[PDB]
Amino acid sequence: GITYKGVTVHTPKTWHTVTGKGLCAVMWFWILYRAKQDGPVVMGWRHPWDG
Amino acid sequence: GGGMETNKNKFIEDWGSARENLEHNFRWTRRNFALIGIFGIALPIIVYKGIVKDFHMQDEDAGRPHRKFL
Amino acid sequence: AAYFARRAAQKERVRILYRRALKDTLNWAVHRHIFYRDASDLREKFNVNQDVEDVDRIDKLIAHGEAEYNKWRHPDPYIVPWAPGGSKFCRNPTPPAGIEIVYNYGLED
Amino acid sequence: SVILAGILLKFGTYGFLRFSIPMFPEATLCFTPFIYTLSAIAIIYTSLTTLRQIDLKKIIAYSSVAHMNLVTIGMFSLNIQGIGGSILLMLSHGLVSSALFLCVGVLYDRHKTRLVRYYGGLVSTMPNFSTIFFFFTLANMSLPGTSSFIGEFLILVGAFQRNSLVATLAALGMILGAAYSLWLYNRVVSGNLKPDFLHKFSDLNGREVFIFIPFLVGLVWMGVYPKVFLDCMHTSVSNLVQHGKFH
Amino acid sequence: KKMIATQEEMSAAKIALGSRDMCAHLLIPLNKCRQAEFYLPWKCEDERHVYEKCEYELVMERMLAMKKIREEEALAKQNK
Amino acid sequence: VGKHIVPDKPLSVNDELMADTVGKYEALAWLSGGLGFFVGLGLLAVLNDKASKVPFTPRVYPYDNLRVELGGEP
Amino acid sequence: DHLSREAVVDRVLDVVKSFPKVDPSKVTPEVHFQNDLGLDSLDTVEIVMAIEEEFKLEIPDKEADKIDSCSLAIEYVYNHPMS
Amino acid sequence: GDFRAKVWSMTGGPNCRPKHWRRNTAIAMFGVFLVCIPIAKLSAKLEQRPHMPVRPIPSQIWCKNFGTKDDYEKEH
Amino acid sequence: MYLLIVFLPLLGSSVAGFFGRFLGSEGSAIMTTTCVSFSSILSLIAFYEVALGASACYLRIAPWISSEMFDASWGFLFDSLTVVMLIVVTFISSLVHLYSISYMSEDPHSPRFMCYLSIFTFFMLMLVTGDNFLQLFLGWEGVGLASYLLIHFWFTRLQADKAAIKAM
Amino acid sequence: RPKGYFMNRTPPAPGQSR
Amino acid sequence: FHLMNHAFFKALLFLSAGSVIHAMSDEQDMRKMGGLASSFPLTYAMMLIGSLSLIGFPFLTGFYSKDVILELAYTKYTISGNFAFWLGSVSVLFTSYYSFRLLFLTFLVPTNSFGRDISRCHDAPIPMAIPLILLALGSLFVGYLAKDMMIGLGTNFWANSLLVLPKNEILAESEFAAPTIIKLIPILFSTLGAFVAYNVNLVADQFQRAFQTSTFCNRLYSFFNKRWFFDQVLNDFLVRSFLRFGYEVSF
Amino acid sequence: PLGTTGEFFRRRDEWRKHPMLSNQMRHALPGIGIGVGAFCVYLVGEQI
Ligand SMILES: CCCCCCCCCCCC(=O)SCCNC(=O)CCNC(=O)[C@H](O)C(C)(C)COP(=O)(O)O
């Protein structure tokens, strides 16, 4: 932990930082991918049966 | 210090005994005339007529003359 | 004396009114930095009348002040969790002393 | 108190079933709205009175008046659900009310007070009594699974098919009955101890535990499997309802 | 668009009463794989797309039909 | 918890039973205004008449609008 | 754990040090706010509130106004089981 | 606390730490599994599946009540 | 197997409630969580046979209230709607029991808390699986009773008693 | 040993029975 | 479908919020928190997923159910249907506001918490951490993994469990006959709600003076904070009336 | 915090400038960099 005039804030454990970063990252990758495939469809530009 | 019996409180016990002797304080005030009039006579009558009318509506719904009661 | 006790009572009311008004201020401001300025303006309001010497004016200034705090008091003030009215109050409290448990009660003999 | 509320109270409703209802079938019909009004007034009025009672025994005793007037509603509905429900509530009340009088008697034997304000926090000193007190408190609220729910709902079914209005006013016993029953339980058992009033306690002994066991078995048994009772009653109940008519 | 799937065929495919429209015929092979493919979104994309094309055209036709009706209320109104 | 307060004064009759900044009838007046918002919007929905502004015809189902399948006499 | 008397005294000293009108050279654990350090009583209330915020305590209003000295507040905080 | 140490409860009271709680816990686990035995046989004898599943299921092994309610005009 | 889904939390609640003095905080936490977890695994399998496999289940135990035409019984109905609720109730409850194993670690009365968690789940299962209005009514009152017992779990707090009575 | 006694009865002398 | 979705993200929001309360020594007030975006990485990440899934952020668990509900309420051409569409749509702006206000005030603003509170923080142990992770996965994927199963056009997953008469089927028209502007109304309001929450909580410092000098603005704050005075009126006119009846009249 | 009361409390809140207790608004999006790059690497892979 790092002390600054009396108050001490302990460093979070490594797997707590890793898991938090990773799970959000999967979520961002999930959103960008689903925006790639369904963004055009929901924005109304095209249709699922178009082709 | 000793004994399971509760340590009585004079104000709690006076509170308790006041409740048991409420009929000694009953005075026919305007408030009591209204309360007994509204809730001792009027409301029972209204409920009775609503119950009887409920039967009578069932009578006409079934094509039958009104049922006499009392 | 009587005038000292009478004026000491007036001091105690004003000090408590300042203590409550300054806690109500942080309830409305929440953030520390907003609170700093709102704290100064409130102290700058007690400082305006800090020199009044008329004893009957003090009573009216107090009574007007108390009703002000009571009118613009935050409807949901902060309370420390274990303080009365807090979310942790009366939760798993220590058992009182002087409790006796009787065994072998209600025997036929 | 156990005999007074568990047995003696049943003589009037039993007299309605044994004599008044069958012998005078025309008179029974003409007076059904009158019976419905008195019963419905009593349930609502005496339940609200129970709320404001400050004596342990006064609350339990006042509760019986509300329960017996639901019994009269069912028996004057003059159908299988009404009469069968009225009898089942009679027997269930004779068990629940007696047990509740037994719970208060346990407390009064030790502490010699009936005032609710003196008690409080008994869960931390009498957990076995508190657990048994809670079960019979639930049975007094007609909780499904207990015996008193079987009689209560079967009566409401019987009353609904005759008069919807009396069934609705009677069903207000569910709201009011739960209010005072839970208020009684929490003011006595929950909260903190008050050592200035009471500082010496003893949970139930072996005799008191045995006394409650047949009551617990009785309410659960009729609560979940009331068929053993309804099987032995239905023929007599059916002939009571059919008495006086021939179609 | 004419009815192709008969009453027995829709009854045999246990089709919800709300889905016995004019594309009932394309729903039967779509539902047959949905049960077979555990209703997974990334399966039956071909059978799903033909069916969704149907249910879109039926709506457009009923939208075109109402447009004509809307265009006839104004004819009455201006000839008041 | 710490110490229950033993009464030193006579207890009131409504002692077994005993919302700070707003009064009683004033609170009802405010709440009726909020319920008046819901009533006002309901009337606007009446005057909007979105039923008179539907952009498609009602569905027509085959086989007599599913008369037999909906429980109608074969 | 409990918080030692020394820590209560020293953390209380720093709070009384941090006041603009109080000069941080005559702040001993027994000085008096309105007599040694020369403050108004409204200044004392601010000192009490900052003492509350340091230990996260909720003093009642009646007891809070009784605190007129550094020594007083030190005893009050130390004797508190939740400090 | 202090008096609660002289109070018997079924749930154990505050801060219950029985010395042999592991052997007690396993004895409880064996008991509940034993009680789960008659429940399973009664359930399998009482389950009724009117429709054959589209695929084989775990219950097509212990349960023999599949596709038996087809003649519902005979139900009584 | 379907009966095990409903009655497993009851057995776990019964063991920690009646024999928590022999199991303590650790044993009761283990017992109620495992019984709820196994009930959650069987719910996934029941979802397999009833929703994806499209094969519904009906189970009648015994009559409950038979009086002329009134036909309330102890009967269970498992269709797609039921197994969807079954998945929601048992899976989230298994996680909350696990979560409570650590969250209520320092509470004096954990074995009773775990007992109340499992009895609520059993009543919630009785609610969603009832094949009749009365069996539904029983679980409707049971979840209210269990909610009442857990809202004022800290029975010394006056605010908790007021809320629990209000909720009822 | 557990806390308290079942039904608040003190156990008999060791080797004896209630 | 929306019930199943709500279970995964409301449990995440509550179970994650409980981890904050445990770490801050049972502190529940947001006006005494602030900071902890770095002090609690796993908890903030879990609350971020759930709160974003709640407001209906696209392609998360909350987007596949809530947005269809507002689209179906638009496709219902009745007096009640038009009533719900307005109130539902205006509500999505209010939920986004209180969702990000929770996110901003608890972890992102400069700390308003106590010194002894931040000195005793700790993140969730395994029996608390594992359910949070699992609920996060369910809050990202179940909504997508189950859309075709429960609400897919013509899906027979429900068999005979749910009945809808043909005269009431409006799902097809909702996804084909609706303007593309409707299918965006939630994100316009959601984005606006995030922006208004960021403005009031981080760039506003005198939006609180009106509540302290104006009687109407003071009363309007109390109205919404005290739940439209619903409890008070009920207690003052209904609960007290029945309680007073029991003693003064029937007894 | 110009006034006496104000600057006093500003002095008391000096600990709030902690390196990992401030600038907490740049931690608003964990894994945003990882997720964006993981999408790009997938995007180049899709091309082939
Ligand atoms: C939202 C909340 C609203 C805010 C509420 C606003 C409250 C109204 C503020 C204005 C009302 C007043 O000034 S109240 C009247 C205040 N004036 C006096 O009391 C006379 C001065 N006498 C003294 O002794 C001291 O200066 C004294 C200051 C008392 C300290 O006492 P000490 O000798 O121990 O330091």
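Ideal geometry is used to build each Cβ from the backbone, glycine not excepted, and the neighbour counts take in all protein chains shown. Just so it is clear, none of the values below were taken in a lab; they were calculated from the coordinates.
First obtain the Kirkwood hydrodynamic radius of the stretch B:3-52 from its Cα pairs, then insert it into the Stokes-Einstein equation at 10 °C and 1.306 mPa s, and state the resulting D in µm² per second as a whole number.
Rounded to a whole number, D works out at 110 µm²/s.
Taking a ≥ b ≥ c as the square roots of the eigenvalues of the Cα gyration tensor of the stretch G:7-83, is the shape rounded (a/c under 1.5), prolate (a/b larger than b/c) or oblate?
prolate
Which entries of E:80/F:53; H:41/H:69; E:14/F:50; D:58/D:227; F:50/K:183; C:45/K:226 have Cα-Cα distances beyond 26 Å here?
E:14/F:50; D:58/D:227; C:45/K:226
Check residue I:60: other-chain or 5+ apart residues with amide H under 5 Å from its amide H, H built from backbone geometry?
The answer is I:76.
Roughly how many whole Å is it from the C-alpha centroid of the stretch K:154-202 to that of the stretch E:1-76?
Taking the Cα centre of each part, the stretch K:154-202 and the stretch E:1-76 sit 21 Å apart.
Got a sec? How would D:148, D:142, D:236 order by Cβ neighbour count within 10 Å, fewest to most?
So the residues, fewest neighbours to most, are D:236, D:142, D:148.
Which parts of the stretch F:46-74 would a label at residue K:87 reach, counting a residue when its backbone N lies under 19 Å from a point 7 Å out along Cα-to-Cβ?
Inside the label zone: F:46-51.
Hey, can you rank B:50-62, I:54-66 by average C-beta count inside 10 Å, highest first?
Ranking the peptides B:50-62, I:54-66 by packing returns I:54-66, B:50-62.
For peptide K:9-18, how many partner chain Cβ atoms fall within 10 Å of a residue's Cβ, on average?
Across K:9-18, the average partner-chain Cβ count within 10 Å equals 2.
Filter C:11/G:66; E:68/K:66; C:71/F:24; E:77/K:167 down to the pairs with a C-alpha to C-alpha distance above 22 Å, please.
Cα-Cα > 22 Å for E:68/K:66; E:77/K:167; rest within.
As I understand it, the dipole of chain E uses +1 on the Cβ of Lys and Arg and -1 on the Cβ of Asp and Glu, about the Cα centre. Which of E:63, E:28, E:5 lies farthest toward its positive end?
Projecting each Cα onto the dipole axis, the largest value belongs to E:63.
Averaged across E:29-36, how many Cβ atoms of other chains sit within 10 Å of each residue's Cβ atom?
Whole-number average of other-chain Cβ neighbours for E:29-36 is 4.
Would you mind classifying chain C by shape? Square roots of the alpha carbon gyration tensor eigenvalues, ordered a ≥ b ≥ c; an a/c under 1.5 is rounded, otherwise it is prolate if a/b is larger than b/c and oblate if not.
In terms of gyration-tensor shape, oblate.
To the nearest 20 debye, what charge dipole does the stretch K:1-115 have about its Cα centre, counting +1 at the Cβ of each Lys and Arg and -1 at the Cβ of each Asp and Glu?
120
Report, in cubic angstrom per residue, the convex hull volume of the C-alpha atoms of chain E.
Dividing the Cα hull volume of chain E by its residue count gives 113 Å³.
Would you work out the charge dipole size for the stretch G:7-83 about its Cα centre, treating the Cβ of every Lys and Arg as +1 and the Cβ of every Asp and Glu as -1, and quote it to the nearest 20 debye?
Dipole magnitude for the stretch G:7-83 comes out near 160 debye.
Past 24 Å, Cα to Cα: identify those pairs from D:57/D:112; D:194/K:32; A:21/K:32, in the order given.
Listed pairs above 24 Å: D:194/K:32; A:21/K:32.
Using a 10 Å cut-off around each Cβ of peptide I:88-100, what is the average number of partner chain Cβ atoms that fall inside?
Across the residues of I:88-100, the mean count of other-chain Cβ atoms within 10 Å is 5.
Write down the Kirkwood hydrodynamic radius of the protein assembly as shown, to one decimal in angstroms, obtained as one divided by the mean of 1/r over all alpha carbon pairs.
Taking every pair of different Cα atoms in the protein assembly as shown, averaging 1/r and inverting gives 36.0 Å.
Let me know the charge dipole size of the protein assembly as shown about its Cα centre in debye, to the nearest 20, where only the beta-carbon of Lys, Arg (+1) and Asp, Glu (-1) is charged.
980
Can you compute 3J(HN,Hα) from phi for each residue in the stretch H:7-23, using the Karplus curve 6.51 cos²θ - 1.76 cosθ + 1.60 with θ = phi - 60°, rounded to whole Hz and x for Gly and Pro?
Running phi through 6.51 cos²θ - 1.76 cosθ + 1.60 with θ = phi - 60° gives 10, 8, 9, 6, 7, x, x, x, 6, 8, 9, x, 5, 9, 5, 6, 4 Hz.
Beta carbons within 10 angstrom, averaged per residue: use that to sort the peptides C:57-64, G:12-19, highest first.
Ranked from most to least packed, the peptides come out as G:12-19, C:57-64.
Quick one: grab the alpha carbon gyration tensor of chain D, order the square roots of its eigenvalues as a ≥ b ≥ c, and give me rounded if a/c is under 1.5, else prolate or oblate depending on whether a/b is larger than b/c.
prolate
Please give the helix I:80-103 orientation as an angle from the longest Cα principal axis of chain I, in degrees from 0 to 90, rounded to the nearest 10.
10
Please give the Cα centre distance for the stretch D:150-224 versus the stretch F:14-74, rounded to the nearest Å.
39
I need the peptides K:158-171, D:85-98 ranked by packing, meaning the mean over residues of other C-beta atoms within 10 angstrom, with the highest value on top.
Result, highest mean Cβ count within 10 Å first: D:85-98, K:158-171.
For the protein assembly as shown, what does -39500 (n - 2.57) per DSSP helix run (n ≥ 4), summed and divided by total residues, give at 222 nm, in deg cm²/dmol to the nearest 500?
-19500 deg cm²/dmol
Cα centroid distance between the stretch D:9-46 and the stretch G:1-44, in Å?
81
Less than 9 Å Cβ to Cβ from residue C:32, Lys/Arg counted +1 and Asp/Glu -1: what total charge do the surrounding residues give?
+1
Using the Cα centre of the protein assembly as shown as origin and beta-carbon charges of +1 (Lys, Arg) and -1 (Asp, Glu), tell me which of K:181, I:64, C:3 is placed farthest towards the positive end of the dipole.
So the residue we want is I:64.
Positive end of the dipole of the stretch G:7-83, charges at C-beta (+1 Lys, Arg; -1 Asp, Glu), about the Cα centre: which of G:25, G:69, G:57 has its Cα farthest in that direction?
Towards the positive end, the residue furthest out is G:25.
Once whole DSSP H runs in chain K are found, which of them have Cα atoms spread over 27 Å or more along the helix axis and a mean Kyte-Doolittle score of at least -0.5?
Answer set is K:2-23, K:79-103, K:126-151.
For chain H, which trypsin sites (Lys or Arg not before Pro) are in a loop by DSSP, counting at most 15 other Cβ atoms within 10 Å?
Answer in residue order: H:19, H:64, H:69.
Could you bin all the Cα-Cα distances of the stretch H:4-58 into 5 Å bins starting at 0 and give me the percent of pairs in each, rounded to whole numbers?
4, 12, 13, 13, 12, 10, 9, 8, 7, 6, 4, 2, 0
In the stretch B:1-44, which trypsin sites (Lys or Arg not before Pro) are in a loop and have at most 10 other Cβ atoms within 10 Å, using DSSP for the loop call?
B:27
Setting aside same-chain residues fewer than 8 positions from residue B:10, which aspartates and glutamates have a Cα under 14 Å from its Cα?
D:196, F:8
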